[PDB]
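Okay, structure first, notes after.
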Amino acid sequence: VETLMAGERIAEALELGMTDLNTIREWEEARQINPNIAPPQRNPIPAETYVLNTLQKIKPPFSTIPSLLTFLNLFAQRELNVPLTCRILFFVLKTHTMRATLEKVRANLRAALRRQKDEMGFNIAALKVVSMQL
Amino acid sequence: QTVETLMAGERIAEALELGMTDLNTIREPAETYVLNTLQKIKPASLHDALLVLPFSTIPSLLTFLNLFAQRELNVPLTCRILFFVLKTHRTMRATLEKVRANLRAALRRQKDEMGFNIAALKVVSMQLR
Amino acid sequence: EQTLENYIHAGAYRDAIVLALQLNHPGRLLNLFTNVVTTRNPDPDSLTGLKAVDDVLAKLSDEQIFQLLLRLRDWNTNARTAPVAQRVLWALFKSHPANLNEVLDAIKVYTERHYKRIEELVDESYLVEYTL
Amino acid sequence: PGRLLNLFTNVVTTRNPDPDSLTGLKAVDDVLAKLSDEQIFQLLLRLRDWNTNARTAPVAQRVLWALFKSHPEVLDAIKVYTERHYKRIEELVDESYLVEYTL
Numbered sequence: 773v774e775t776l777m778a779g780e781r782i783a784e785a786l787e788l789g790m791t792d793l794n795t796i797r798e799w800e801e802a803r804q805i806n807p808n809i810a811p812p813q814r815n816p817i825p826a827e828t829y830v831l832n833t834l835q836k837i838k839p850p851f852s853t854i855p856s857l858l859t860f861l862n863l864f865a866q867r868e869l870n871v872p873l874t875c876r877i878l879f880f881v882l883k884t885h894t895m896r897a898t899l900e901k902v903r904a905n906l907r908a909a910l911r912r913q914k915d916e917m918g919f920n921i922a923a924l925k926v927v928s929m930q931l
Numbered sequence: 771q772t773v774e775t776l777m778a779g780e781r782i783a784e785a786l787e788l789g790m791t792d793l794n795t796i797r798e825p826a827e828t829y830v831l832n833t834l835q836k837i838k839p840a841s842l843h844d845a846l847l848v849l850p851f852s853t854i855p856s857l858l859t860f861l862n863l864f865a866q867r868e869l870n871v872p873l874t875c876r877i878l879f880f881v882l883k884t885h893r894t895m896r897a898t899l900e901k902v903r904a905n906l907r908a909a910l911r912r913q914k915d916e917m918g919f920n921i922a923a924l925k926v927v928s929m930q931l932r
Numbered sequence: 742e743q744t745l746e747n748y749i750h751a752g753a754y755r756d757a758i759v760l761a762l763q764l765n766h767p768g769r770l771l772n773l774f775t776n777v778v779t780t781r782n783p784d785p786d787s788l789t790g791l792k793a794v795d796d797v798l799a800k801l802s803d804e805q806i807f808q809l810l811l812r813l814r815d816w817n818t819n820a821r822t823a824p825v826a827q828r829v830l831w832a833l834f835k836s837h838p839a840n856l857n858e859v860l861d862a863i864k865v866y867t868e869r870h871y872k873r874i875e876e877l878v879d880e881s882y883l884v885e886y887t888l
Numbered sequence: 767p768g769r770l771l772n773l774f775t776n777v778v779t780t781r782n783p784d785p786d787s788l789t790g791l792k793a794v795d796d797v798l799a800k801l802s803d804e805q806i807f808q809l810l811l812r813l814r815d816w817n818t819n820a821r822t823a824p825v826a827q828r829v830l831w832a833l834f835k836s837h838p858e859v860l861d862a863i864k865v866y867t868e869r870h871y872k873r874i875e876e877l878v879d880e881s882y883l884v885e886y887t888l
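Below, the structure is given as structure tokens:
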């Protein structure tokens with residue numbers, strides 16, 4: 773029942789985040805016509828870390854989803870809490894044209910996963926060699 | 771008496787010379829040959845076979861290995877050969900980087916692919932009432 | 742007879758595969774798929790590596806799907822023939838929706869072992885990497 | 767030493783990092799290249815301390831990876866948790882296969 777309040781919490785976080793992202797997107801796009809501009813107007817003082832933290836605070850609607858996908862892909866690109874992101878993608882797919898965005902997100906996820914998996918493989922191998930050389 | 775099995779290991783060096791020269795001839825199937833003569837070898841002692849392998853043949857061997865790796869031809873054998881070449885020993896470092904890269908690419912390929920297949924088998928079996 | 746199949750083999754792959762499915766032995770079929778998958782210069786858009794193979798695979802009806810499935814299991818048991826069978830399998834799945857439990861369970865069972873061996877190869881390769 | 771963890775987190779979480787660099791900044795790379803064999807030690811002590819905890823593990827792993835590419858009883862304690870995490874990620878991958886199939 774409190775998950776409804778959590779749902780409105782993440783929905784609002786999505787509106788705020790998407791609006792801020794659009795603000796900076798537009799700023800940079802229009803920064804190309806004249807470099808000398810005032811900086812953008814953001815509400816609290825970024826920018827995905829907010830959505831992430833309000834997503835991490837919860838203990839374990851259709852219209853809101855594309856924005857969430859944008860931030861999901863954004864988590865994937867910045868290597869931000871990958872287990873949570875994977876679980877989110879799996880849940881979004883499990884319930885509820895946008896499919897291509899999902900392909901994009903899963904691609905970025907698989908990529909992040911392979912990156913850190915290989916990284917840990919390397920670290921383990923090194924640890925084994927150096928332990929052996931002791 | 772194992773030393774003659776080591777010479778048997780040297781038998782593939784001739785295959786390498788043949789394949790490489792044939793490749794130069796074509797530059798103006826032969827990898828299947830060096831490969832098959834490499835697979836005809838016994839699983840044991842090939843460590844020693846590569847151990848006693850001449851220095852001149854190894855660049856040729858590396859070329860054929862990378863060719864196997866990029867074409868996904870018997871990936872486990874290629875990996876085992878690479879690890880043995882490395883275990884038994893500047894530009895060759897680069898060649899090794901290339902072959903190992905193509906190898907890992909092949910591995911990620913077959914592993915992700917088989918993951919897909921396993922998941923599918925699981926789902927259709929589950930949806931089989 | 743079989744030589745007609747052989748000339749279709751000297752040319753077109755669709756009927757090569759259909760005919761090979763219809764008539765034993767599957768060795769020449771295995772040869773076909775092998776030459777398709779292990780080719781020196783394939784087609785990046787294609788699944789198997791050659792469009793017509795994907796085509797005959799998707800155009801495949803129920804009986805051919807089941808038979809070729811059986812042969813896929815068979816080829817899968819042998820570690821030298823496993824890769825090819827795996828690519829063909831993956832392609833077939835990508836071309837047909839989630840529309856006997858025996859062959860599926862068997863294929864799953866051998867495939868999982870294969871996946872394991874590949875993981876092992878990946879670890880060994882991590883070692884190969886740090887040494888370099 | 768906590769703010770150390772903070773900075774290490776920031777340099778690897780950058781909005782857009784310098785390519786062809788371990789951590790992501792050639793400066794701190796140059797730093798990890800040069801330590802005093804009793805600095806590196808304290809560093810990997812903290813790397814153990816952080817690797818123990820899940821949320822801070824990937825950063826410690828990045829630092830450890832950068833460190834492992836720079837040089838020739859405690860390494861055990863790192864190894865065990867690192868392998869645990871490796872398996873966790875492997876599980877995540879199996880799930881990734883399911884997800885990949887559904888669409």
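Protein sequences, first through last, are from chains C, A, B and D.
Heads up: the first sequence is residues 773 to 817, 825 to 839, 850 to 885, 894 to 931, going by the authors' numbering.
Heads up: the second sequence is residues 771 to 798, 825 to 885, 893 to 932, going by the authors' numbering.
Heads up: the third sequence is residues 742 to 840, 856 to 888, going by the authors' numbering.
Heads up: the fourth sequence is residues 767 to 838, 858 to 888, going by the authors' numbering.
The C-beta atom is built at its ideal place from N, Cα and C for all residues, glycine as well.
Spatial distance of residue i from residue j (CA atoms)
| i | j | result |
| --- | --- | --- |
| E804 of chain D | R903 of chain A | 35 Å |
| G789 of chain C | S787 of chain D | 30 Å |
| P783 of chain B | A783 of chain A | 30 Å |
| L860 of chain D | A799 of chain D | 19 Å |
| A908 of chain A | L770 of chain B | 27 Å |
| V777 of chain B | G790 of chain B | 6 Å |
| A778 of chain A | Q771 of chain A | 12 Å |
| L776 of chain A | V927 of chain C | 33 Å |
| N905 of chain A | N862 of chain A | 7 Å |
| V794 of chain B | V759 of chain B | 10 Å |
| residue 852 of chain B | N857 of chain B | Any structural detail on residue 852 of chain B is unavailable, because chain B resumes at 856 straight after 840. |
| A839 of chain B | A761 of chain B | 25 Å |
| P807 of chain C | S802 of chain D | 45 Å |
| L899 of chain A | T822 of chain B | 27 Å |
| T779 of chain B | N772 of chain B | 10 Å |
From the options, residue whose alpha carbon lies closest to that of residue i
| i | options | result |
| --- | --- | --- |
| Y882 of chain B | C:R912, C:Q930, C:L931 | C:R912 |
| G768 of chain D | D:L833, D:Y871, D:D815 | D:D815 |
| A820 of chain D | D:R869, D:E876, D:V794, D:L830 | D:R869 |
| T853 of chain A | A:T791, A:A865, A:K901, A:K883 | A:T791 |
| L830 of chain B | A:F919, A:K883, A:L863 | A:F919 |
| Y829 of chain A | A:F864, A:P850, A:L924, A:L847 | A:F864 |
| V884 of chain B | A:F879, A:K901, A:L910, A:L924 | A:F879 |
| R812 of chain B | B:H750, B:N765, B:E742 | B:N765 |
| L877 of chain D | C:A922, C:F851, C:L910 | C:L910 |
| residue 857 of chain D | D:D879, D:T822, D:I806 | Examination of chain D shows a numbering gap from 838 to 858; residue 857 of chain D is inside it and therefore has no coordinates. |
| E880 of chain D | A:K925, A:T898, A:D844, A:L847 | A:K925 |
| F851 of chain C | C:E780, C:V773, C:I921 | C:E780 |
| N815 of chain C | C:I805, C:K901, C:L793 | C:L793 |
| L869 of chain A | A:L931, A:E827, A:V848 | A:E827 |
| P812 of chain C | C:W799, C:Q804, C:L858 | C:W799 |
Buried versus exposed, by CB contacts within 10 Å (16 or more), residue i
| i | result |
| --- | --- |
| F774 of chain D | buried |
| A810 of chain C | exposed |
| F834 of chain B | buried |
| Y871 of chain D | buried |
| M917 of chain C | buried |
| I796 of chain A | exposed |
| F860 of chain C | buried |
| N817 of chain B | buried |
| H885 of chain A | exposed |
| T887 of chain D | exposed |
| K792 of chain D | exposed |
| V881 of chain A | buried |
| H750 of chain B | buried |
| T894 of chain C | exposed |
| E774 of chain C | exposed |
| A923 of chain A | buried |
| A785 of chain A | buried |
| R781 of chain B | exposed |
Partners in chain E for residue i, counting only beta-carbon separations shorter than 8 Å
| i | result |
| --- | --- |
| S928 of chain A | Absent here is chain E; the protein component of the structure consists of chains C, A, B and D. |
The ligand FMN heavy atom lying under 6 Å from the CB of residue i
| i | result |
| --- | --- |
| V777 of chain B | Ligands displayed in this structure: none; no statement on the ligand FMN is therefore possible. |
- Item | Contact the stretch 840–849 of chain A vs the stretch 748–763 of chain B: 3+ CB pairs below 8 Å | At 8 Å Cβ cutoff, the stretches do not touch.
- Message: Under 8 Å, with one C-beta from each stretch per pair, do the stretch 862–872 of chain B and the stretch 820–831 of chain B reach the 3-pair mark?
- Response: Enough Cβ pairs lie closer than 8 Å, so yes.
- Counting Cβ pairs, one atom from each stretch, are 3 or more of them under 8 Å apart for the stretch 825–834 of chain A and the stretch 869–881 of chain A? Taking 8 Å as the limit for Cβ pairs, the verdict is that the stretch 869–881 of chain A does touch the stretch 825–834 of chain A.
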